[PDB]
Amino acid sequence: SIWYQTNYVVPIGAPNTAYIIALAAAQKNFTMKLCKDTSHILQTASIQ
Amino acid sequence: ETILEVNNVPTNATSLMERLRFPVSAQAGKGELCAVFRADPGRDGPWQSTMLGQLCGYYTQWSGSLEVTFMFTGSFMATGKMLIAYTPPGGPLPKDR
Amino acid sequence: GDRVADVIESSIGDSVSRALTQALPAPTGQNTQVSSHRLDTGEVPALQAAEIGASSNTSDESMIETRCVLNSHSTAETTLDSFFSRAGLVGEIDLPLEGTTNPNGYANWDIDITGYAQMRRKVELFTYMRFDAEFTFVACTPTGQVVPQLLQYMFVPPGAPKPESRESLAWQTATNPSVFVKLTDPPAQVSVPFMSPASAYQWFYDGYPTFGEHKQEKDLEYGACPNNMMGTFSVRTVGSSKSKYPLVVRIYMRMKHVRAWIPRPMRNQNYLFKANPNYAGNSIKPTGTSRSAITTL
Amino acid sequence: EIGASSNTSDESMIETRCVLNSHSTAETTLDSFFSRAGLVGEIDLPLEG
Amino acid sequence: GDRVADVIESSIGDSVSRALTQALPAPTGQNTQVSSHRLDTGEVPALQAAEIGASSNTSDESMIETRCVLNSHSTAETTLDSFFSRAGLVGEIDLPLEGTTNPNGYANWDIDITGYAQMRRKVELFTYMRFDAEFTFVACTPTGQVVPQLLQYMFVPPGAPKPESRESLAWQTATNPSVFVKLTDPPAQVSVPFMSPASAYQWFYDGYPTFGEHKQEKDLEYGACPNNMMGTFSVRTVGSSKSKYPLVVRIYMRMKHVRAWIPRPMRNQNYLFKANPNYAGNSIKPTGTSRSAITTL
Amino acid sequence: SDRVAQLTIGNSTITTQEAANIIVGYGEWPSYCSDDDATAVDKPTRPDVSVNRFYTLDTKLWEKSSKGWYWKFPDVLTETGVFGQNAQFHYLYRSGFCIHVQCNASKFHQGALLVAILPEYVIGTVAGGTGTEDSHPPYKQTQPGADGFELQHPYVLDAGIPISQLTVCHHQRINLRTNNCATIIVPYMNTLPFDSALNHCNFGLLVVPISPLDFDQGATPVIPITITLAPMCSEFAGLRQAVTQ
Amino acid sequence: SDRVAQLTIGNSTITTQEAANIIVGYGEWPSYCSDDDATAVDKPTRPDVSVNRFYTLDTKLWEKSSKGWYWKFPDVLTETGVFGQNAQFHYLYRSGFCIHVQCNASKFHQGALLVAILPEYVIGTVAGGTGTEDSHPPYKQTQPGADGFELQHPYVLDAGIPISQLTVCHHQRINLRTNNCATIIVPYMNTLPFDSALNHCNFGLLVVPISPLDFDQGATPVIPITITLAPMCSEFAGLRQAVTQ
Ligand SMILES: CCCCCCCCCCCCC/C=C\[C@H](O)[C@H](N)CO
Ligand SMILES: CCCCCCCCCCCCC/C=C\[C@H](O)[C@H](N)CO
């Protein structure tokens, strides 16, 4: 979760709304195991 | 580090670029909620827009730590503070800060 | 980092497993030694106390007058690799032509070896088991007749997309392991590794797998260990049209490199459901056979 | 903005313990990821058609 | 007793008090050194940041052109044994003949040095103080006249039975310390030790001394430190009948072997009650004196 | 030199004069996790004397027609003490145990109890009796708390397994003519080095009278059974808000 | 190399880019009690990462006419976390602290705050105003919790003592043109090596605006102040049931 601790303070003449970009990755201890077929993508038929 | 689509609310094709960045605005200072997202990469959600969440789909069992890396794209004259909490399992959606 | 004495003289952080016992080599049965009469006081080995919970340490060299018997009988057949390395029917899949169970030429079978009583009762002697396996598929017509037909045995791990039909997309087996076989050939046979996220499987899970307010509706989750859901096994008749032979696939699982922990009482009532230690209540069978009286035989 | 990824470990962000990890990286190799046969083609030889 | 690494490399149990500072001998004021002009960049000692909360380290060798001044001025009069070893009126007891306050020839006085403003304001510069004391009793008539009369000054520690009258039983002073004096003799004078159950007295106790549901009735217990109730001081005219001289006992307390901790802001409003930092609200006096304007003097 | 025992762990103590001995379960003493078996990188808290101490749950009345009682562990210590608050606030948990069952009676009373520890004691139902309804037990019966739950079919232990083979587990007897206490020490038994306390009950304590209590009229009829248990080498990890279940 | 700070204690972290520095109170770092200063023979529990971490209390709105706020310690952490449960269950307590006050504002906002730590901050009343009524404050005003209480007379700090001499204590400033954070580290200050947490508040945190907040119309008017504090080297002893007050 992301919570406003104090607030987003802005002076006059600057825009009153901003945007945040999240960037996700992994560490050097990350590992994977037991290869399979990916599930969260499909394919409607009649390819070519 | 690949982009996490936390703001996966917009659905129409004209607003699919609104899906990569979530806003922060001027609030009344009660400790409001900005955004929340599950930390499960192989699950269906924001992590499915990563090269971690597309390669962990080709695998069944994963281990190790993650890291989310937020970046602020507001003005230089703007200041502020945010609390970024990882609530481990069992914890429901927290109602307040 | 340690100054006070109530942290230097602490037994906090002892990670070594203080064991009272030591595994000793026992390749043969224990040899008997010669024993003569004893007519002494204080030495009384026939008197035990089972209230201590330990078993009797009484030998027959202490109770009767015995001879030397060099026993050369082996303990090699009571091992686990000699007791579990014996294939048994863990599953059975049917592929009829006309019917209702599997009428589309494909069949999915959720991997559980708790569906046939004769193999369930052996593994449920222990509560944790870690093993590699060796599956063997024995396909045939209901009449026992062998036919010239090609099949695909796809292993679908959890999360992977389950095939919904005969002409589906998941059968392309780019990452899922698959096996093609003809029914005229010998039975297939593959060796599986230990595939659990944990250190061992467990046939009894005393608890609920999710959090949440446990109510009457979501009660069937009691006892579900998701460390044990190793996936799904799927079969089709490889083709675009319907087949012309009804089939029945039988699966035979042999364990190897077995390890086991925490023995259990073995069951005596008849099983009723899969992954469920339920029983009939009015018909509680005793463990054995009855008698007319205790003084007669 | 540098474009590089974070070099942040969890030894720097939380209070951690020693965890001798003996988990292998041998299944993410390419010979373990591509050495898995898949249907690349399918040819049909009908009688009438 | 320690095997894991998250208890060997722990800073748990560090009992030593890691101090950044070191007390250095400063018998004289600091000598000034010679300083010439500087016309450099980067070296800027006049610019501080009080947001850091630390004070300025700026010397006058850095701000002006100075001379050598071997200062031989001592710091021996700002010590605590030179600042508190000065007797002051901590209490005053009256023994009238006819009246209502003490009409029976005896008087009890609960030991508090927070009853006269001029001695309270000095000890309330610190919040913890540890000291031996030296009391001195100065008895006299209201008119200043000295008379031939014998008195008994009994110290009644807490729990000991307080005397209810002139001819009571507690005045036999078998274990309680007592002092007999004639008014014609010099003032009495006794040295008291540090008598607290704690390591130091404390003139401010932020909290309630008992447990329990704190309500409006039992509110006056806020601020009561029972580590500080050192007892009760009692006086009588030694006799079976009534006296014939009215008296007034004045008590003068001098500290010695003083130690003190955690300085405090010193008070500016007028005290009103004993062991109570209350003040008047409509009449909040400023700390100093006013002006007509800031540019004029 | 063996019938007397004093068990001092923490700020609590038990003194007994009619002990049997102390059973250490499966030849293993409780311990803390090693750097090899552990996977969680977060540092675990080890409250060494505030939770590692004896807790007394309830008292059960042994009668002539008492069939038996079971308690699941550590469901019994989720609303009791500093153990049942570190566990509500943490997600993981790892502790051994030291159970102690008291049943004092005279030298004119007779009876026995089997005090066994059955790991992963899953609970079944009679399935409608006829064995045709696929039923499951409710939540008050699978995790019944400190009050326990009474066995309705003790011969099959409400799981289809026999009471006769239960002596392969940890066990002691309480024979009222020899002893009145049973001390069992249990290590942490699970496939996982750490596990949740609010969802998974690692073992069950079974208290079954094999031999019924008999006495003659005039004596004391009310004969209680009392469970008293101590965590040992406890560890907690993964800190978030408080949840009951 | 000094305006940036990262405070990692436990499982929590604070990152700041407009820091001043870190004040260590009275030249002393928090520590655990020695074998000489201690008198209690009972072993104390030292929960090292479950209570030694940052807690965020509330948020206070700085306005033009804000007079000040005070919080008593450790009254603020008696209903919050594993700290406020070990303390309800134990009779003693000994911890340092690390306070951190946040107030972020722009470069077009101006103001200052004095963030001071006053030990044994006893609270007075106006005594009816005239100074004749011997009154005492209520319980909601002496131990007000995590919400704090608003100073009604900040010049005398509601104790008769001045705000000008408060810089002899621990203190930092929050000058919105230089910094937005104040890190103060406080050891355990008491005459006793251990003391009760539910009756005795060792110190008070004072947040007073000397210079009023001023800005021009159009900017952000809502400027909060946020307190974030960490126990450090905590110890508890003397275990009994749970009491709130
Ligand atoms: C080409 C086809 C290969 C088929 C391989 C199937 C994977 C088998 C994995 C190991 C199976 C072990 C049995 C596991 C436990 C059961 O599910 C029990 N119900 C657990 O309680
Ligand atoms: C023969 C008579 C001897 C009299 C001796 C009296 C004992 C005095 C003990 C030391 C007094 C120190 C002052 C203590 C503190 C005050 O009570 C303050 N109200 C504390 O806040």
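Residues numbered from 1 in each chain as written, not as in the entry; some residues may be left out. Chains lettered and ligands numbered in written order. Part of a larger assembly, values for the part shown. Heavy atoms only, no water.

Structure determination for this entry, per the PDB record, employed cryo-EM and reached 3.04 Å resolution.

Overview of the overall build of chain C
Looking only at helices and strands, chain C features two helices and nine strands. Listed by position from the N terminus, the elements making up chain C come as α-β-β-α-β-β-β-β-β-β-β. Relative to its length of 297 residues, chain C is extended, with a C-alpha radius of gyration of 27 Å against a globular reference of 19 Å. Each principal axis of the C-alpha distribution contributes one length, and for chain C these read about 90 × 70 × 45 Å. Within chain C, the fraction of its 297 residues that count as buried is 38%. By sequence separation, contacts in chain C at least 24 residues apart represent 79% of the contacts at least 6 residues apart. (Helix = DSSP H or I, 4+ residues; strand = E, 2+ residues; numbered from the N terminus. Rg over C-alpha atoms; globule rule 2.2 N^0.38 Å. Buried < 20%, exposed > 50% of the residue type's maximum accessible area, 1.4 Å probe, protein only. Contact = heavy atoms within 4.5 Å.)

A few points about the interface of chain B and chain G
Counting from both sides, the interface comprises ten residues of chain B and, opposite them, 14 residues of chain G. Here chain B meets chain G over a buried area of about 990 Å², counting both sides, of which 59% is carbon and sulfur. Its largest share of buried area at the contact with chain G, chain B owes to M77, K81 and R97 of chain B, together 52% of the area lost on that side. Inspection of the region where chain B meets chain G yields zero salt bridges. Linking chain B to chain G there are two residue pairs in polar contact. (Buried area = accessible area lost by both parts, 1.4 Å probe. Salt bridge = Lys/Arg side-chain N within 4 Å of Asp/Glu carboxyl O. Polar contact = N/O pair within 3.5 Å; in protein donor to acceptor, adjacent residues only side chain to side chain.)

Observations concerning the sheet that holds strand β6 (residues 94-102) of chain G
All names here are of chain G. Across the sheet, which stays open at both edges, the five strands sit in the order β3-β10-β6-β12-β4 with mixed pairing between neighbours. The two strands at the open ends of the sheet, each matched to only one other strand, are β3 (22-24) and β4 (55-62). The average undirected angle you get between the axes of adjacent strands in this sheet is 20°. Of the pairings in the sheet, the one linking β3 to strand β10 (residues 181-186) comprises three bridges and is parallel in character. Paired with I23 across the strands is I184, a residue of β10. (Pairing = 2+ DSSP bridges. Axes fitted to C-alpha atoms, helices over the stretch in contact; angles between N-to-C directions.)

Focus on the packing of aromatic side chains
The tally for this structure, following the rule as stated, stands at 51 aromatic pairs over all chains. Ring centres of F211 of chain C and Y91 of chain F lie 6.5 Å apart, and the angle between their planes is 40°; on these two criteria the pair is classed as tilted. Pair noted here: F211 of chain C is in the loop between β7 (201-202) and β8 (232-237) and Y91 of chain F is in the loop between α1 (83-89) and β6 (94-102), and the two residues belong to different chains. Within the aromatic cluster, the residues linked to one another by ring pairs are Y58 and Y59 of chain B together with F33 and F34 of chain D. The ring centre of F215 of chain F lies 4.9 Å from the NZ or CZ of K64 of chain F, which sits over that ring. (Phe/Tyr/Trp six-rings, centres within 6.5 Å; stacked < 30°, edge-to-face > 60°. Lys NZ or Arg CZ within 6 Å of the ring centre and 35° of its normal.)

A look at the interface of chain F and chain C
Contacts between chain F and chain C engage 69 residues on the former and 58 residues on the latter. A salt bridge links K72 of chain F to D206 of chain C; its shortest N-O distance comes to 2.9 Å. Taken together, the links from chain F to chain C amount to 26 residue pairs in polar contact. Within the residue set of the side of chain F that touches chain C, elements represented by two or more residues are β3 (22-24), β7 (114-119), α2 (127-131), α3 (139-142) and β9 (170-173) of chain F. In terms of residues, the side of chain F that touches chain C owes the most to one element, α2 of chain F, which gives four residues. Of the residues contributing to the side of chain F that touches chain C, the split by class is 31 nonpolar, 28 polar and ten charged. (Nonpolar A, V, L, I, M, F, W, Y, C, P; charged D, E, K, R; others polar.)

Looking at the site of ligand 2
All names here are of chain E. The full set close to ligand 2 counts 16 residues, and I111, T114, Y153, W203 and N228 are the nearest of them. With respect to ligand 2, the backbone of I111 contributes an N or O atom lying 3.0 Å from an oxygen atom. At 3.3 Å, a side-chain N or O of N228 approaches an oxygen atom of ligand 2. Relative to its unbound accessible surface of 610 Å², ligand 2 loses 94% to contact with the protein. Looking at the shell around ligand 2, the elements with two or more residues in it are β4 (150-156) and β7 (201-202). Among the residues forming the shell around ligand 2, the class breakdown is twelve nonpolar, three polar and one charged. (Near = heavy atom within 4 Å. Areas by Shrake-Rupley, 256 points an atom, 1.4 Å probe, with all protein chains shown as cover.)

Thoughts on the site of ligand 1
All names here are of chain C. In the vicinity of ligand 1 there are 16 residues, among which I111, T114, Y153, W203 and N228 approach most closely. A distance of 3.0 Å separates an oxygen atom of ligand 1 from a polar backbone atom of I111. Coverage of ligand 1 by the protein chains reaches 93% of its 610 Å² of free accessible surface. Going through the elements one at a time, β4 (150-156) and β7 are the ones with two or more residues in the shell around ligand 1. The class makeup of the residues in the shell around ligand 1 is twelve nonpolar, three polar and one charged.

Things to note about the pairing of β6 of chain G
Of all nine residues that make up β6 of chain G, nine are buried, and the element is covered over most of its length. Both faces of β6 of chain G are covered, namely the face carrying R94, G96, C98, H100 and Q102 of chain G and the face carrying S95, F97, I99 and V101 of chain G.

Brief notes about empty space enclosed by the protein
For the coordinates displayed, the defined rule picks out four cavities of 30 Å³ or more. What the largest cavity holds in volume is close to 90 Å³. Considering the residues around the largest cavity, the lining is formed by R121, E124, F204, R264, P265, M266, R267, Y271 and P277 of chain E together with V122, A159 and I161 of chain G. Computed from the structure, the second largest cavity encloses a volume of approximately 40 Å³. For the second largest cavity, the full set of lining residues is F73, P74, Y93, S95, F97, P187, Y188, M189, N202 and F203 of chain F. Split into classes, the residues belonging to the lining of the second largest cavity amount to eight nonpolar, two polar and no charged. (1 Å grid on protein atoms, 1.4 Å probe; cavity = no way out; pocket = protein on both sides within 12 Å on 5 of 7 lines; lining within 4 Å. Points joined across faces, edges and corners; volume = space filled by probe spheres on them.)

Points about the arrangement of the chains
With no contact between them, chain A and chain E keep their nearest C-alpha atoms 19 Å apart. One thing to see here is that chain B and chain E don't touch, and their nearest C-alpha atoms sit 19 Å from each other.

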